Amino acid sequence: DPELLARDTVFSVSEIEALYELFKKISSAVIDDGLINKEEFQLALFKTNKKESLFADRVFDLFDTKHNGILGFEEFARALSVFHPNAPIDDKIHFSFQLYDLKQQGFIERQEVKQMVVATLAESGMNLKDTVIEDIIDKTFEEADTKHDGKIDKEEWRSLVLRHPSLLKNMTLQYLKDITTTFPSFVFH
């Protein structure tokens, strides 16, 4: 039932029904098989470029319940729900932390902060050399590492992103607000 999805996610029953149309488009975009793969999901997030695709694939991984490289409708709906422009900021902050906390240890170190920096630059259309990335990592700790212990907390992360909302730019897909009326074009290249 679309009633169970609407309840467990930020979408309303009518948004879920519209999301099913989006699902048919996205699941058909590369291989027409009724399923969503990583390349198709990249298309849904406008993250098809080889540097931007890492973020989309990490998101994919968190919602791929069976770890089989495929998402069905329910998984897709859940995946997209936090990207809704009306999803609470706290859901976006919480989810984005899980994203960069690859080891699920409750904190991020430089290697994980590096991924966040790379993903954050990619959103602004920017790719920098390793040594410049390392300087930005330095500044991020300077800023976020309030409780000095060489790692960024969930609480230090929330604080960081509240002072710098442009870090949650990749956590919103603007087209989801208007899903009951209009649809973007998605074509694979």
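All residue numbers refer to positions in the sequence shown, first residue = 1.
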query	finding
Which of 45-53 and 60-68 has higher mean CA B factor, as the PDB entry lists it	45-53
Selected stretch [higher average CA B-factor]: 144-152 or 29-37	144-152
For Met171, the third of its chain into which the C-alpha B factor falls	lowest
Position of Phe11 among the chain's modelled residues by C-alpha B-factor, lowest, middle or highest third	highest
